[PDB]
Amino acid sequence: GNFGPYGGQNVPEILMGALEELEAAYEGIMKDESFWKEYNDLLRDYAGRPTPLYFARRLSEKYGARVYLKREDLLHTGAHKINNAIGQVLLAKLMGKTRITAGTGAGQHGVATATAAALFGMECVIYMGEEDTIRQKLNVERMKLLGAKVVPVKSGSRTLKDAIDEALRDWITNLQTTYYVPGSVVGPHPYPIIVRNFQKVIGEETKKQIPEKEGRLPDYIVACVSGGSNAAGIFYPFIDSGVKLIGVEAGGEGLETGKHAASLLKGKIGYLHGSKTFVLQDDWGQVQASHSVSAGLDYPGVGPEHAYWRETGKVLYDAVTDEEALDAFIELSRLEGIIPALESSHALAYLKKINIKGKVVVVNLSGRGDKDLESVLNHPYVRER
Amino acid sequence: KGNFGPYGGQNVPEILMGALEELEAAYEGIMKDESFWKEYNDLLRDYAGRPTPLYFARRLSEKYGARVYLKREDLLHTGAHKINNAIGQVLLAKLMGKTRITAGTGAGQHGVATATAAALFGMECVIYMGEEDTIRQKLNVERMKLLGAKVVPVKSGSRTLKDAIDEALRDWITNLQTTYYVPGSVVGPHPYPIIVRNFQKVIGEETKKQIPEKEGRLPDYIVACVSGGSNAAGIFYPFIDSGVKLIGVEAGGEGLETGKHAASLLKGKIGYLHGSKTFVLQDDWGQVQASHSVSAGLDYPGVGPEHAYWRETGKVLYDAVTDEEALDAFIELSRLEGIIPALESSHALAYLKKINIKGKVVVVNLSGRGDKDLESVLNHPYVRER
Ligand SMILES: C=C(/N=C/c1c(COP(=O)(O)O)cnc(C)c1O)C(=O)O
Ligand SMILES: C=C(/N=C/c1c(COP(=O)(O)O)cnc(C)c1O)C(=O)O
Ligand SMILES: [O-][n+]1cccc2ccccc21
Ligand SMILES: [O-][n+]1cccc2ccccc21
Ligand SMILES: [K+]
Ligand SMILES: [K+]
């Protein structure tokens with residue numbers, strides 16, 4: 001479970017038996033043809049894989065480049081989160097668990113998890129920070145129709161970090177019955193590997209699709225990063241290929257303002273939610289609140305596999321601001337008729353920061369932006385436009 | 001030629017006949033144009049997401065003792081079958097040299113699909129929508145605004161889809177040189193019903209190729225909701241005369257005997273609406289009546305003339321389900337399969353309860369997703385009393 005110095009299992013001791021049970025169950029399905037048949041059949045007919053690789057003509061004309069969008073927004077529930085949620089809730093069901101718990105920020109992991117729990121007939125309890133229940137209300141409504149209990153979390157910054165704190169408390173309190181589903185590549189081993197291994201289908205498809213468009217590997221692949229799961233999924237098959245892989249963190253009000261979620265760029269090594277990784281912290285080791293206009297990127301840590309990729313130079317990381325992401329959200333809506341998630345809008349915003357004339361660029365469009373419409377339409381910066 | 005038996009035709013103000021003659025000529029010209037179909041089919045694949053999957057609904061199948069498959073048009077870009085037709089007609093508009101698109105919308109799915117295609121092709125877009133629908137389908141108003149379309153609320157008449165189309169047609173007639181009118185269903189003067197059905201019949205062509213990989217035969221039933229008729233025409237057309245039982249499900253509203261419904265085939269009379277001779281809800285003086293449905297996309301007093309022809313000749317069977325039955329089916333699919341369906345499609349799902357399907361193979365056309373309907377459903381008195 002270590003990516004260089006990062007990762008590990010940094011947990012209360014009472015979780016060690018559950019993590020050993022999960023590691024053995026996961027090793028068992030690695031070679032289980034019937035798990036993969038059921039899972040891959042649901043990815044195809046239930047989620048809608050493979051997703052297309054779309055040539056964005058008007059974006060391409062605007063930037064003088066060949067811009068392709070990997071269309072994870074076309075999946076059932078509207079985001080890449082469903083790849084991981086189906087896989088883990090299937091595993092939970094096969095392990096004899098009867099209940100599912102998770103935390104969610106954008107609400108897309110909450111909806112994906114509730115969808116899979118409904119499909120597999122499991123009780124589902126989702127924790128979501130109170131501020132996120134307000135700015136991502138559409139997903140609260142979806143989870144209620146799917147039969148999940150949504151528990152608003154009123155402590156701390158009332159956003160994703162606090163939601164995960166409460167989901168982990170719930171898991172420990174309910175270990176006989178309950179499987180904890182992380183929605184990103186952050187957590188004690190084996191969870192970063194499990195999540196990345198369910199998301200790497202994105203990069204595997206991309207790798208088969210892009211030579212059909214251009215005859216070679218892309219010059220760049222760009223994906224947003226907070227926990228890191230959509231970017232790990234599209235990057236993993238391309239590590240050491242020579243493609244320029246660029247992960248884009250939330251710069252919030254700006255990297256020098258103290259209001260952002262840029263763990264790799266501005267964090268310090270530390271422990272969060274089971275992983276040794278980069279965490280926004282003060283000088284005394286206290287985890288700090290993150291900020292982002294995007295609820296899914298509003299998290300103060302990052303997956304340990306990205307900490308490792310950054311240190312070894314296998315992936316390059318940077319950030320864009322709330323305002324740059326809002327601009328990119330509006331730009332894709334107007335130019336391509338696709339309303340992107342505000343998370344993915346951080347990757348789209350980065351097209352303005354790379355010299356891409358003549359280049360082939362794949363952007364991971366990790367989800368759709370219907371959950372963000374009310375927040376964008378009311379945002380002061382958009383109001384001043 | 002425009003007539004489906006005695007139905008259809010071009011029943012319009014004379015001022016529209018030149019535009020319709022030019023549209024029919026342009027459409028015949030693209031039928032053989034490989035470069036049109038290449039561009040269109042590449043967009044359907046990578047932009048809209050076709051083919052859509054044919055999904056085996058294991059828990060619904062267990063519940064009804066049948067093999068139930070859902071044709072997943074809800075997985076398309078924008079969330080409904082409307083995009084198949086919107087991409088194709090806006091591409092035609094571009095090729096005709098038009099610079100502006102207009103349409104009406106009820107559920108707002110056609111409005112969003114048309115706005116999306118207009119954005120992709122760099123065209124001005126003005127969408128008319130009844131004021132009541134701007135309230136019960138508010139998510140789609142927000143989407144249209146982000147896509148750069150102008151949304152005009154229509155405050156006249158019943159403030160729903162019929163009145164929105166009235167105003168889009170007025171706009172077209174005022175703007176005939178610049179503007180292409182995009183109907184969102186198979187209702188309209190010729191050539192529109194044929195154009196729309198020919199962009200939607202991919203749904204049934206895919207289904208016909210997919211179902212033998214699941215079952216080794218054709219299904220016993222295909223079920224789809226019907227108001228104007230486009231999603232049902234798309235999935236039924238390749239199966240006409242095949243021996244499959246095709247069942248179109250109209251909006252029964254508060255009940256076929258209440259006068260508050262949208263069941264044009266079952267309770268309308270022959271008449272003219274929006275260019276078609278077809279079945280139209282009317283009093284006995286020939287005056288069109290307001291329709292009603294809990295579903296904004298089915299809330300329309302007419303039906304496509306191809307469906308009037310299929311009903312008369314027995315090639316498709318038609319029935320209806322009530323608002324409450326549709327709401328029940330909306331909650332049922334959400335809870336049992338984890339799929340939140342559009343309230344329109346929920347009428348087709350509700351029909352699974354109305355026929356004996358034990359031991360039968362059934363395809364339901366899942367024409368759209370239900371995120372536009374969540375607020376309305378959660379606040380509906382019948383659901384609150386649950
Ligand atoms: C944290 C959440 N969403 C994250 C998210 C992200 C960022 O999460 P990863 O860094 O794990 O990809 C990207 N794209 C979309 C559409 C997302 O919903 C959530 O749904 O709970
Ligand atoms: C009238 C509208 N919608 C109709 C609709 C319908 C009924 O229209 P057709 O009878 O033309 O399929 C079915 N399913 C979905 C998801 C729909 O949105 C509209 O979006 O303007
Ligand atoms: O679910 N979950 C669990 C732990 C860490 C996370 C970081 C980002 C998003 C989701 C997460
Ligand atoms: O757009 N449009 C135009 C004319 C009639 C219609 C019936 C149902 C749905 C849409 C329609
Ligand atoms: K972060
Ligand atoms: K009707």
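No Cβ is skipped: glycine too gets one built from the backbone with ideal geometry, and neighbour counts run over all protein chains shown. Bear in mind these aren't lab numbers, they're just calculated from the coordinates by the rules spelled out.
Each eigenvalue of the Cα gyration tensor of the stretch B:154-250, multiplied by 5 and square-rooted, gives one semi-axis; in descending order these are 34, 15, 9 Å.
Peptide A:136-147 shows a mean partner chain C-beta count of 4 within 10 Å per residue C-beta. What shape does chain B have by the C-alpha gyration tensor, where a ≥ b ≥ c are the square roots of the eigenvalues, rounded means a/c under 1.5, and otherwise prolate means a/b greater than b/c and oblate the rest? Here chain B falls in the rounded category. Of the beta bridges in chain B, as assigned by DSSP with both residues counted there, near 30 percent are antiparallel.
Spatially, the stretch A:332-385 and the stretch B:11-31 are offset by 39 Å when compared through their Cα centroids.
Which whole-number percent gives the relative contact order of chain A, counting Cα pairs below 8 Å spaced six or more residues apart?
Taking the mean separation of contacting Cα pairs over the length of chain A, I get 20 percent.
Among the GluC sites (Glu not before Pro) in the stretch A:223-303, those placed in a DSSP loop whose Cβ has at most 13 other Cβ atoms within 10 Å are A:256.
Shown in residue order for the stretch A:98-104 are the 3J(HN,Hα) couplings computed by the Karplus curve 6.51 cos²θ - 1.76 cosθ + 1.60 at θ = phi - 60°: 10, 8, 10, 9, 6, x, 8 Hz (x for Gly and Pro). For the listed residue pairs A:213/B:38; A:70/B:98; A:31/A:244; A:70/A:371; A:81/A:149; A:207/A:359, the alpha carbons are over 21 angstrom apart in A:70/B:98; A:31/A:244.
Would you please name the trypsin sites (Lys or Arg not before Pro) within the stretch A:132-163 that are DSSP coil residues with at most 12 other C-beta atoms within 10 Å of their C-beta? When the trypsin sites (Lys or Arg not before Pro) of the stretch A:132-163 are filtered for loop state and at most 12 Cβ neighbours within 10 Å, A:154 remain. Taking a sphere under 15 Å around the Cβ of residue B:15 and counting the other residues whose Cβ falls inside, with K and R at +1 and D and E at -1, yields a net charge of -3. Rounded, prolate or oblate: pick one for the stretch B:126-192, where a ≥ b ≥ c are the square roots of the eigenvalues of its C-alpha gyration tensor, a/c under 1.5 means rounded, and failing that, prolate if a/b is larger than b/c, else oblate. It is prolate, given that a/c is not under 1.5 and a/b is the larger ratio.
Restriction of the trypsin sites (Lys or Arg not before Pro) in the stretch B:177-227 to DSSP coil positions whose beta-carbon has at most 13 other beta-carbons within 10 angstrom yields B:217.
Helix B:202-215 and the longest principal axis of the C-alpha atoms of chain B enclose an angle of approximately 20°.
Taken about its Cα centre, the stretch B:14-58 carries a charge dipole of roughly 600 debye when the Cβ of each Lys and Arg holds +1 and the Cβ of each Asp and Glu holds -1.
Just checking the output field for A:267-277: average partner chain Cβ neighbours within 10 Å of each residue's Cβ?
On the way: counts 0, 0, 0, 0, 0, 0, 0, 0, 0, 0, 0.
Partner Cβ neighbours, averaged per residue: 0.
Sequence-ordered 3J(HN,Hα) estimates for the stretch A:127-137 from the Karplus curve with 6.51, -1.76 and 1.60 and θ = phi - 60° stand at 9, 8, x, 4, 4, 6, 4, 7, 7, 10, 3 Hz, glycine and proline given as x. Extension gain for the segment residue A:2 to residue A:240, taken as residue separation times 0.36 nm less the Cα-Cα distance, is 83.8 nm to one decimal. Close amide H pairs (under 5 Å, H built 1.01 Å from N) link residue A:341 with A:367, A:368, A:369, residues at least 5 positions away or on another chain. Let me make sure I get this right: for the stretch A:62-161, a, b and c are the square roots of the gyration tensor eigenvalues over alpha carbons, sorted descending. Under 1.5 in a/c it's rounded, otherwise prolate if a/b > b/c, else oblate. Which is it? Cα axes put the stretch A:62-161 in the oblate bin. With K and R counted +1 and D and E -1, the other residues having a Cβ less than 14 Å from that of residue B:313 yield a net charge of -1.
Between residue A:127 and A:102, A:103, A:104, A:151, the built amide H atoms are under 5 Å apart, and every one of these is 5 or more places off in sequence or on another chain.
Would you tally the net charge around residue A:159, using a Cβ to Cβ cut-off of less than 14 Å, leaving residue A:159 out, and scoring K and R as +1, D and E as -1? Don't jump to the answer; show the numbers that get you there.
Working: positive: A:135, A:154, A:158, A:161, A:259; negative: A:130, A:131, A:132, A:162, A:165, A:166, A:298, A:343.
Net charge around residue A:159: -3.
The HN-Hα couplings worked out from phi for the stretch B:321-331 by the Karplus form 6.51 cos²θ - 1.76 cosθ + 1.60 (θ = phi - 60°) are 10, 7, 3, 5, 4, 5, 4, 4, 6, 4, 5 Hz, whole numbers, x standing for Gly and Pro.
Residues A:204, A:141, ranked from the fewest to the most other C-beta atoms within 10 Å, line up as A:204, A:141.
For residue A:359, the residues whose modelled amide H falls within less than 5 Å of its own, excluding neighbours fewer than 5 places apart on the same chain, are A:66. For chain B, the longest principal axis of the alpha carbon atoms and the long axis of helix B:34-43 meet at an angle near 50°.
From other protein chains only, count the Cβ atoms within 10 Å of every residue's Cβ in B:329-341, then give the mean.
Numbers: counts 0, 1, 2, 0, 2, 8, 5, 4, 5, 19, 7, 9, 0.
Across the residues of B:329-341, the mean count of other-chain Cβ atoms within 10 Å is 5.
When the charge dipole of chain A is built from unit charges on Cβ atoms (+1 for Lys and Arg, -1 for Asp and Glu) and taken about the Cα centre, the candidate among A:335, A:224, A:286 whose Cα reaches farthest toward its positive end is A:335. Around the Cα centre of the stretch A:143-290, unit charges on the Cβ atoms of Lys, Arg, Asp and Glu (plus for the first two, minus for the last two) sum to a dipole of about 280 debye.
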